[PDB]
Every structure is written in structure tokens, then in C-alpha cells.
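Presented below is the structure to which this report refers.
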Amino acid sequence: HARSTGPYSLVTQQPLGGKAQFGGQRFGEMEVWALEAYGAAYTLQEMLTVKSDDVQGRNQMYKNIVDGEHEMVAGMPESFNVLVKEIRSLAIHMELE
Amino acid sequence: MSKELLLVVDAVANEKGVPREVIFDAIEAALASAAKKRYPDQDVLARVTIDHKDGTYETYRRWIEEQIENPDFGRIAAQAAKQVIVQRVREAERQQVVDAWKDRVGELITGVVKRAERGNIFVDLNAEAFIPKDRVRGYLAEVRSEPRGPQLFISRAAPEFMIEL
Amino acid sequence: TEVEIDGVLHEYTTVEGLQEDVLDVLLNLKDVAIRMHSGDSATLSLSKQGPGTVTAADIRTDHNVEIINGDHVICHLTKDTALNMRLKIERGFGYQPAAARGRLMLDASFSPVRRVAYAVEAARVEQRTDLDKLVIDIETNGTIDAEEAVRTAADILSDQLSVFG
Amino acid sequence: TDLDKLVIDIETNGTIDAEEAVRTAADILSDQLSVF
Amino acid sequence: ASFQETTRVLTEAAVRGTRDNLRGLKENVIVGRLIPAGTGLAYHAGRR
Amino acid sequence: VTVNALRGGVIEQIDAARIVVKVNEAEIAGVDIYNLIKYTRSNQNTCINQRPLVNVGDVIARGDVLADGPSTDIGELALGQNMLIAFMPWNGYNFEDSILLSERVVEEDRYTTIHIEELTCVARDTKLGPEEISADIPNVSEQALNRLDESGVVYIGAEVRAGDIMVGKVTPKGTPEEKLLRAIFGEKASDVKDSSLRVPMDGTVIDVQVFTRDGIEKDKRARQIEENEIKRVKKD
Amino acid sequence: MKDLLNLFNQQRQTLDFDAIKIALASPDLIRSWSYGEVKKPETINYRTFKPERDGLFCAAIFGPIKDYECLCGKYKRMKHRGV
Amino acid sequence: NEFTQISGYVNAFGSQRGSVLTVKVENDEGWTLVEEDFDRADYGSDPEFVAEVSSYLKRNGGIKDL
Amino acid sequence: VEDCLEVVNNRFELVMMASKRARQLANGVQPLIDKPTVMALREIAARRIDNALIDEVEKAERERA
Amino acid sequence: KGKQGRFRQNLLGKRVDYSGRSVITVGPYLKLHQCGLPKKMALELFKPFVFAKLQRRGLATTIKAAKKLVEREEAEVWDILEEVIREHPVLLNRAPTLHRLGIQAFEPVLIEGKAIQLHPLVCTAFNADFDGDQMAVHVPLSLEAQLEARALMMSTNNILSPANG
Amino acid sequence: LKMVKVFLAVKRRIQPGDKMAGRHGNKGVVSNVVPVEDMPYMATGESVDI
DNA sequence: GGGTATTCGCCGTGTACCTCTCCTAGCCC
RNA sequence: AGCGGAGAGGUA
Ligand SMILES: [Mg+2]
């Protein structure tokens with residue numbers, strides 16, 4: 001099975017899992033360790049931010065693919081904002097200076 | 001169901017400039033398209049004869065007539081009748097604006113402004129007019145823009161407006 | 001290629017009066033071999049009712065369509081149920097599946113030859129060197145003969161070697 | 001999709017052409033198949 | 001606080017009020033910036 | 001998975017779906033009859049089948065088999081096939097626990113298995129309106145509507161493909177032209193949503209089971225299969 | 001639920017910072033964090049699909065359910081903002 | 001029902017009514033050049049719909065991105 | 001890829017230079033000698049394009065824009 | 001905290017798109033830098049590039065007609081898929097990645113099957129057998145990611161082991 | 001109000017890549033399908049399948 | 001006031017994938 | 001109509 005773009009979860013902006021409902025393959029931690037062992041800054045940045053996590057980033061990358069121009073703008077993952085909102089619910093102030 | 005459509009066609013939204021004859025022709029054309037989509041052999045025109053202000057719904061088929069037709073539910077026929085109805089309503093509104101432009105009077109027009117783009121403006125006189133510079137009461141009359149409905153063209157500054165004043 | 005039976009809708013149902021299933025009848029029809037003299041298509045029908053076995057010789061054949069005597073049975077009938085079955089023969093080569101080509105579909109293996117073996121032996125003949133001979137034992141299903149098989153094999157070789165020059 | 005492509009490498013010493021050698025080989029095989 | 005005893009490191013950073021300068025490899029994955037190793041060293045050189 | 005004869009006797013009445021035995025005076029008032037399952041799905045989406053093996057008019061004893069079950073011979077357990085094996089490396093195609101297959105193991109249909117899938121179409125009741133099983137679906141071409149009947153569902157024994165509409169289901173999602181279209185028709189002109197059952201795996205449809213609730217008017221195909229079931233139980 | 005005009009605009013967040021500071025939170029700062037106070041432990045009322053006012057799932061505290069819509073339905077336009 | 005600019009193109013207008021987006025391209029004189037309707041359930045995905053609207057705005061007269 | 005590791009010592013600088021050359025070639029420009037990245041690596045390995053010439057072409061494209 | 005928390009399941013390891021998995025077989029005819037890829041799998045993975053090339057070639061005015069032409073599966077979409085995949089590397093990954101060389105880049109070719117063919121000199125570094133082994137693939141789509149996969153992730157560049165010489 | 005269950009029977013053939021094990025624990029995966037003319041044959045002409 | 005000597009807790013213990021079922025249901029009419 | 005928490009089996 002394979003997929004290009006399917007449905008996304010609402011708790012965190014990430015694709016689903018499994019052969020059903022067009023789930024994506026989980027890019028594990030050891031694969032991220034191997035890509036960090038390769039170096040590969042631009043490959044690892046476009047893997048866990050642009051393709052998976054960012055809402056506007058995947059739309060901008062998709063329209064830049066179908067338009068022909070090359071202008072990649074990265075952003076913060078939404079799961080980091082979920083973690084910030086979950087830490088702030090524990091009466092602990094976490095600010096992005 | 002004869003008066004239930006009579007309470008619908010009698011609205012003054014599209015029957016103020018041109019009366020309910022062309023709306024009846026649009027309804028007859030939509031039901032003829034539905035009967036042609038229901039029948040497997042669609043090569044002749046069907047006549048849906050509806051009388052004036054009574055609403056007797058009867059479907060015929062002329063090939064001069066050959067046989068009778070019969071309606072059905074037709075959800076795809078309902079979608080086809082909807083697009084033929086809105087296309088014929090657009091055609092009738094284009095006919096209404098062009099005959100109100102071309103049969104009332106060809107002379108100076110008086111209206112208020114509605115929109116203003118970069119180097120252009122729109123003058124409302126339910127017809128829309130263009131403001132050429134190459135509320136206002138300029139004297140200019142021309143016919144163009146045959147696709148998307150013909151619209152009248154006035155000007156903000158014209159020598160005919162100075163000659164008439 | 002295809003089998004058309006009036007009482008059998010799809011290839012997974014059960015018909016009254018038959019001991020085996022429909023898939024056993026389809027495999028037994030795939031097992032038999034049919035030799036046709038002329039033509040690229042044919043249609044054979046069979047009619048067998050009452051108790052008793054159904055062989056390949058019980059079908060109705062044409063003058064050009066020749067059937068092997070068929071000691072292998074097709075199905076087994078028990079009750080007094082009529083079996084009206086229509087077949088279709090087509091020409092081809094190799095193996096064609098049912099996907100890439102109340103109507104049934106059957107696979108076809110267009111290969112009359114089962115196994116080919118050969119061995120090279122030496123022939124004591126007064127010549128300039130040691131000339132060797134070879135023997136080829138062809139085992140078929142009775143459809144094709146061993147002479148026209150190697151004749152069309154040499155024809156295929158001469159048509160394939162015609163690209164050079 | 002299921003087709004085979006044949007690539008033959010010929011290294012002749014230089015007394016004859018390689019295409020001429022392939023042509024004479026095909027002619028010899030065609031005569032040996034046409035005798036039978 | 002990435003692999004073991006998240007509560008202890010979290011309450012220590014909450015009491016002391018530490019400031020993470022993001023000079024690492026895993027925290028750039030968490031934040032979402034480039035990795036400061038390999039092709040991403042020029043971006044970190046041009047940033048500072 | 002196999003049936004066994006409790007009392008031996010004559011098997012003079014035999015069918016592919018049922019086996020009727022006739023007991024003797026020593027074992028016996030009525031005779032015994034064994035019904036065989038033909039094609040039903042298992043828990044692992046596989047096909048189970050019971051094909052008979054006895055003939056017409058042969059005596060048996062207590063304990064003999066009458067129909068071989070799924071993956072079962074005449075009394076031995078059968079899991080696979082028998083085929084020629086050669087232990088030799090062949091051009092790297094059997095490199096590291098890889099298996100090489102010939103054309104003769106494929107063209108004779110030795111490993112062809114039958115899988116039966118369960119695809120359901122559930123018609124819930126919503127607040128805007130109940131979903132129907134009508135066949136008139138907008139924005140659907142006739143090429144996907146030829147296999148549908150007047151009931152809205154597919155026929156029995158129809159070759160479908162991936163993406164084919166098997167059960168046609170619509171749901172209501174809730175300008176003067178729309179009012180004119182709603183008055184010209186019988187309140188079924190527009191405001192509908194297409195949500196039908198599609199095939200995810202191409203094959204034939206072997207059985208169509210329709211479940212209905214009380215207080216709902218039955219469909220003509222449901223009435224037809226009800227007549228078929230009562231005719232079948234009256235016949236047997 | 002469904003919105004397509006707001007979905008097209010991008011580059012709204014820059015996400016450019018240097019460090020991350022974590023500290024404690026004063027009760028006045030927690031009061032300045034939130035937008036409303038909850039008082040009832042009711043999330044979703046029975047026999048209707050509508051959120052409960054002043055509950056865990058409320059529109060007066062967190063936000064509306066449907067996009068550019070209220071609970072009653074007095075404002076059903078995209079032009080009304082900040083009202 | 002008012003055509004609202006999507007704030008991604010200098011010459012673009014959009015109108016959504018029942019999960020159907022009406023996108024039109026206006027001329028500098030004010031006349032609408034082209035107009036098409038794009039559904040949501042036919043695509044089944046978000047960036048494919050974004051790519052469709054972007055390609056329809058780029059091929060049918062996209063002068064600038066302001 | 002051995003000649004590309006021969007004309008420059010560092011590998012990541014080669015990756016960044018080939019990325020800049022592929023970004024310049026993908027917008028449409030005449031190459032020095034079919035994919036844009038493969039043509040950029042072939043122009044790097046042939047000692048035809050330099051980083052200063054890449055910066056000059058990028059400055060010319062920024063001035064022309 | 002924990003393994004199933006919001007820190008280990010959504011921040012370090014994330015689910016990614018443009019990716020799929022399949023079983024692996026052995027391919028002796030392949031080279032070291034290239035690997036096999038199924039036709040439908042590569043059509044599902046390289047779908048945006050296929051859509052962009054179909055918009056550039058002019059075979060479809062909108063992406064809806066291009067999507068219907070992709071699902072119709074004619075020969076032109078195979079020509080587009082063959083022209084796109086020619087110089088585009090993909091990242092092949094083993095499901096355990098304890099090795100440094102668990103992720104390698106290959107130039108895929110289109111095969112008529114349902115599995116991912118692999119060179120026999122690759123599975124030694126992957127420590128992968130050929131009995132029920134599955135490998136997840138990933139495609140880089142940016143130019144920097146493609147050049148990084150060509151330079152420092154190719155199988156021809158990773159000859160020596162990271163542990164010893 | 002109504003439930004419709006449709007039984008779909010698919011008959012799948014053998015494909016290259018399918019897992020097939022023996023009787024003593026020697027599992028394997030089918031590499032490719034080879035024609036009969038390329039398979040090794042004995043002295044009598046019987047072609048080996050596997 | 002101050003050193004051993006137990007002792008109560010705190011915190012952790014591989015990755016990736018594929019199928020299936022079952023989810024708070026209890027009561028006085 | 002999409003967003004999920006347990007239990008069981010199986011493969012590497
Ligand atoms: Mg293994």
C-alpha cells in the first residue's frame with residue numbers, strides 16, 4: 001500500500017496509520033538518528049515539518065510542486081504548539097523568546 | 001398541482017421587465033430536456049404546452065406528432081432541468097437588459113455609481129453600465145459585449161452631454 | 001474460453017441433479033482438447049439428461065470440429081435434470097488468463113504439446129568427421145501431429161531469422 | 001510489458017565485418033533449418 | 001527531559017527558570033529548525 | 001469440518017447440496033438427511049466447502065465420511081500440493097530463502113484460492129432525513145449504473161471491478177430557481193449527498209442479504225427474495 | 001465546519017525566535033491567559049447536538065463550533081468579525 | 001453571497017455556498033473573464049483543492065501575487 | 001561523484017553549491033555544457049561553474065526581478 | 001512522559017506521507033545504484049509530479065480531468081510516470097534502523113509486479129532476508145533533499161562500514 | 001432502518017512476492033514466474049517446477 | 001552529633017507492520 | 001462524513 005496525501009488527525013496535524021483509511025508510514029526515531037548520522041539538514045527538515053506537521057507548509061509545497069517554482073518556506077510543527085498548550089495547563093509558563 | 005406553480009412563477013423578481021411567457025418557455029424546455037433524457041432515443045423536440053395563468057401540466061412529443069410522453073422522478077433529470085433553467089433565466093435577463101437598453105430610448109442616462117475600479121467605474125441605472133473616460137448623467141450610447149449579456153455603455157465626459165445641456 | 005449455461009448464473013452456485021460443482025465441470029472442460037480444421041471460432045452445445053456419466057463424446061460437433069473420444073468424464077448426473085450447456089472455441093497461442101482478454105469465463109492453455117525431450121547420438125558413417133544425429137520424442141494430447149508441429153516450428157524459426165539481411 | 005531485448009557483442013579479428021559475420025551465421029542457421 | 005524522568009527535569013526548569021539556547025541536535029528537531037551538522041552549519045553560521 | 005454417517009445404509013438419493021441416507025432395520029422411524037454447506041465465509045475471510053465423495057447405491061458403516069470438507073481429502077488432511085524440487089542455485093533468483101516458480105504451476109491453477117469478503121451498506125436515520133437506497137443518483141454516469149437494478153443494489157452474479165457502485169445510497173444534506181425546481185418536482189429535486197458502497201479486489205457477487213426493520217415498507221427485491229426463500233423452504 | 005476562503009492565505013506566522021524560557025505562573029498571569037470562567041460540569045446536552053453554555057465544551061469561553069457561525073444563528077456571514 | 005478576495009492573488013474573487021467555491025477572474029476594467037465552480041467531495045483532499053484553485057487562477061490570467 | 005569530491009574538499013559545500021545551481025537551472029537558464037541536478041553536478045565536475053559565478057548569476061536574476 | 005505520550009509518538013517520530021511499504025524479492029538483473037518499484041505504487045507515490053506533467057503537456061485543462069485520466073490508466077500516464085521517475089531517487093528504509101546504513105537512496109525502475117526488487121549486494125548492509133520482509137519507502141521531493149540523497153545517501157557512495165574499515 | 005450485506009467472492013491467483021512456506025519450516029517469497037522452456041529438464045523431458 | 005544498616009519508594013525495561021472485537025449501561029415502571 | 005482507548009492473534 002502507498003499514499004500521497006490522505007486524511008489528517010485533529011488532535012495533532014499528522015497523517016493516520018494502517019492500511020485502512022490511507023495511513024502513512026511512521027518515520028521512527030531510529031530513522032531520524034540515521035538521517036542525523038548522514039548529516040542531511042534539508043532532508044530532515046522537509047520530512048517532519050513540511051510533509052507531515054505544518055498545515056500551510058504542505059499546501060505551499062504541493063502548489064509549488066504542481067506550479068513548477070521552487071520556494072520552500074518551513075514553519076513550526078503544530079504538535080509543538082500542542083505540547084506548549086499542554087505544559088501551560090500545568091500552571092507552568094513556557095514562552096517562545 | 002396547477003396553482004402550486006402559479007404561486008411560484010407569479011414572483012416579481014424576474015417578471016418585472018419581461019412577463020412570464022419566457023419563464024413558461026424555460027419550464028417547457030426544461031421538461032422537454034427531462035423527457036428527452038428519460039427516453040433512450042432523443043432526436044426530436046418535445047412540446048410541453050402550458051396555458052396562460054392556469055398551469056395545466058401536459059407533455060407531448062412531435063417527431064407531425066408521433067406519440068405521447070411520460071414523466072418520472074429523474075434526479076439527474078432534475079439537475080439537467082436546473083442547469084437549463086438557470087441558463088434560460090440568464091438568457092432572458094440578458095434579453096431584458098438589451099431590450100430595455102435598445103427600445104426605451106437611445107439618449108442620456110441618469111444613474112448612481114456602485115463600484116469604482118482603477119481607472120473605471122460602474123454606474124447603476126437592474127442593469128449595470130460602464131463609465132468610460134476616453135452619480136453621473138453623461139450622454140453616450142453604444143452596443144457591444146455580446147457574450148455574458150449585452151450591457152449599455154455611458155461616459156463620464158462626452159461632447160454630446162455638453163451639446164444637450 | 002467461455003461456457004454459457006442457462007440454469008447456472010455464476011460459477012459458485014449449485015445446480016440440482018449434478019453431483020459435482022460448477023468449478024469441477026469448468027476444470028473438466030479445460031482438461032479436454034478440441035481439434036478444429038478451419039475457422040477461428042466455433043460454438044458447441046451438449047444435451048444430456050437422466051442418470052449416468054457425461055463424457056466429451058456426448059456433445060454435438062460440426063463436420064470440421066473434431067473431438068477426441070474423451071475417456072475422461074465431465075460431470076456426473078443423478079436426477080432427471082436436463083443439461084443445456086453452450087461452449088465456445090477460439091484460436092490463440094500461449095497462455096491467456098480470464099482477466100486479460102450470466103456469462104462465465106474460463107482460462108485457456110493453447111498448448112497441444114506436453115513434454116519435449118531430445119538426445120544426441122553418434123552415427124557411424126563414412127564421412128570427413130564424426131557426424132552426430134538426434135532424436136526428438138514429442139508427446140501431445142492427440143490434437144496436433146508430430147510432423148506439422150516441427151513443420152510450423154521450422155516455419156517460426158525461418159520467420160524469426162528473416163530479420164537479418 | 002513482458003518482452004525480451006537481445007544485445008550481442010561481437011569481437012571479430014578484422015578479416016570480416018561483424019554485421020557480415022552475423023548475416024552469414026543467420027544464413028547458415030536458416031539453411032540448416034530449411035534443409036530439415 | 002527527553003528520555004527519562006520528565007517530571008524532575010520539568011520541575012527543576014520551572015523552579016530555576018532556565019533558558020534553552022537551542023544549541024543541540026534534538027532540540028532543533030523539537031523546535032523545527034535545521035540540524036546544526038552537515039548542510040545546516042552554514043545556516044547557523046549566517047544566523048548568529 | 002467433515003460430515004460422518006451415524007448409521008450406515010443406502011445413499012441412493014444424493015445431491016451436491018444434500019445427502020440422503022436410508023438406514024436399515026437394525027439401526028432404526030424417519031431416515032437421516034445431511035445438509036452440506038457450499039460457500040460461506042470463515043473468520044479469516046477464506047472459503048469453506050463440503051463436496052461429496054460417495055456414489056449412488058453403496059452400503060456403508062457407522063463412521064464413514066460422506067463429504068470432504070475444506071482443505072480435506074477423502075479421509076486424510078491436505079494442506080498443499082505436490083511438485084518437483086531441485087536444490088540448485090539458478091541465476092540468483094533463489095538467492096536468500098527465495099522461491100522459484102515455473103509457468104506450469106500457474107497455468108494449471110494449483111494455488112488459486114477463493115476469498116469471500118463481507119461488504120455492508122448501513123442506512124442510518126439522521127435529523128435532516130433518512131437515507132434511501134434509491135438508484136437515481138446525481139453526478140453518476142450510466143457506466144456505473146448498468147449493473148444496478150431498480151432496487152438500487154447490484155445483481156447476483158455480476159462481474160464488478162475496483163470502484164464500482166454495488167449499493168446505491170443517497171442522503172439528504174438539506175434564489176427563485178431553486179424554489180421553481182422544488183415546486184416543479186415532488187420535493188426530491190436537489191439538496192442530496194452521494195454516499196454509496198464501493199468496491200475497495202474484483203470478483204463476482206454470490207449472495208445479497210437484505211435486512212429490514214419493522215414498520216418500514218419492504219422493497220420489491222426484498223419481496224422477491226422473500227418469495228424465493230419461502231419457495232425454497234416449501235420445496236425442500 | 002467547511003471554509004475555503006480563509007484556507008488559501010498563508011505566511012501568517014513567522015515562527016522566528018532565539019531561545020525558550022520556562023518559569024512559574026502567577027495567578028494573575030493565569031487569569032490573563034484565559035478568556036472565560038467555567039462553572040458547570042456539563043459538556044454536551046442530551047437529545048440535541050449543541051454545546052452547553054459555561055461548560056467544558058462551550059462557545060462563550062473557547063470558540064464557536066461551526067466556522068463563522070453562532071449558536072443561535074443571528075450572524076451567518078463572513079463579513080461579520082469581532083462582533 | 002458577496003465575492004470576497006482570498007488575499008493571495010491581486011486578481012481573484014471567491015464565493016462559498018454549500019461547500020461549492022465559485023472562483024471568478026475579473027479584468028482591470030471590471031468585467032469577469034472566466035468563472036467556474038469547484039466542489040469539495042469530488043477531490044477528497046485539501047492540497048489537491050488548493051492546487052486546483054491555484055492552477056485555475058494561474059492559467060486563466062494571474063498577473064501578480066499581491 | 002568522485003570528480004565532484006575532487007574539485008572541492010567538503011561534501012556539504014558541494015551539496016549547497018549544487019543546490020544553488022539546480023535552483024538557478026530549474027527556473028530556466030542555459031547550462032554551461034537531462035535533470036537539473038544531474039546537469040548541475042556535471043557542470044561542477046567539469047570545472048566550468050564556480051560559486052562566484054553562481055553568486056553573480058543570482059545577483060543578475062535579483063536585479064532583473 | 002512515557003512511550004505513548006505526546007513527546008515520543010508525535011515529536012521525535014511522526015507519521016509521514018508520500019510513503020508506502022511492500023514486500024521485497026531479489027533482483028539479479030539490477031545494478032547497485034538502482035532498485036525495483038511497482039507500477040501502481042510508483043503511480044501513487046509520484047502522483048503530484050504526474051499531475052504537474054499532465055498539466056504542462058496539455059492533456060487535461062483541470063486537475064479533475066487529469067485525475068480521471070490517471071484512474072482511467074491509459075498509456076500516456078505510463079509515459080508520464082516513466083519520464084518522471086527517470087532521475088528521481090527514493091529512500092528505501094528497513095523497519096528496524098539500528099544500522100547507520102538502514103536508509104539508502106536508489107533510482108527506481110518500473111516493474112510489472114507487486115513487490116520491491118532489491119540488489120543482492122544491498123541486503124547484507126540492511127541485514128534483511130527474503131521471507132516476509134517489508135521495507136518502507138520514502139520519496140524526497142525538494143531539490144535540496146534530492147541532491148542530498150544523490151550525494152550522501154546513494155548505495156554506490158556507502159561502501160565502507162561505519163564501525164571498521 | 002435498513003441494512004444491506006453484499007457477499008463478494010474473489011479468486012486470486014499466485015503472484016511474484018507471495019509468501020510460501022514448506023513443511024519443515026523453510027519459508028520463502030516468490031521472486032518471479034519463469035516459463036517452462038527455461039526450467040531445467042530431466043533426461044525424460046519432465047520440467048522441474050520449483 | 002555521627003558513622004554504618006536496613007528500608008520505603010521512584011523510575012526505567014526494542015522497533016516497524018497486518019487482522020479481529022468491544023466499548024457507562026442501570027432502573028422502577 | 002473525518003479525529004480513539006483497551007484486549008487478542010500473527011510477521012520480520
Ligand atoms: Mg526474515
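Within each chain, counting starts at residue 1; across the C-alpha cells, chains are named A, B, ... in the order shown, with ligands numbered 1 upward in that order.
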Within-7 Å residues of ligand 1, basis only C-alpha atoms (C1' of nucleotides) and all ligand atoms, as a ChimeraX atom specification | /J:128-133 /M:12
Go ahead and save the picked residues with C-alpha atoms (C1' of nucleotides), as a PDB file, in the first residue's frame.
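This is the output file out15.pdb:
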ATOM      1  CA  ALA J 128      17.398  -8.267   5.534  1.00  0.00           C
ATOM      2  CA  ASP J 129      16.214 -11.713   4.469  1.00  0.00           C
ATOM      3  CA  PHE J 130      13.626 -12.552   1.790  1.00  0.00           C
ATOM      4  CA  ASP J 131      10.858 -14.325   3.732  1.00  0.00           C
ATOM      5  CA  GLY J 132       8.110 -11.925   4.764  1.00  0.00           C
ATOM      6  CA  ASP J 133      10.393  -8.884   4.956  1.00  0.00           C
TER       7      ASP J 133
ATOM      8  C1'   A M  12      10.255  -9.503  10.403  1.00  0.00           C
TER       9        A M  12
END
Counting only C-alpha atoms, which residues from chain C have an atom at most 12 Å from any atom of chain K, and could you show them as a VMD selection string?
-> chain C and resid 10 to 13 23 94 to 95 97 to 99 107 111 113 to 120 136 to 139
Close residues, segment 114-119 of chain B itself excluded, 7 Å, only C-alpha atoms (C1' of nucleotides), min 4 positions apart in chain, as a PyMOL selection string | (chain B and resi 123-124) or (chain H and resi 29-30)
May I ask for the distance between atom CA of residue 7 of chain K and atom CA of residue 202 of chain F, given in Å to one decimal place?
->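 Taking atom CA of residue 7 of chain K as the start and atom CA of residue 202 of chain F as the end point, the length is 12.1 Å.
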Compute the set of chain H residues within 8 Å of chain A, using only C-alpha atoms, and express it as a VMD selection string.
-> chain H and resid 45 to 48 50 to 51 54 to 55
Report the distance between atom CA of residue 30 of chain B and atom CA of residue 91 of chain B in Å, rounded to one decimal place.
->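 Computed distance, atom CA of residue 30 of chain B to atom CA of residue 91 of chain B, equals 13.9 Å.
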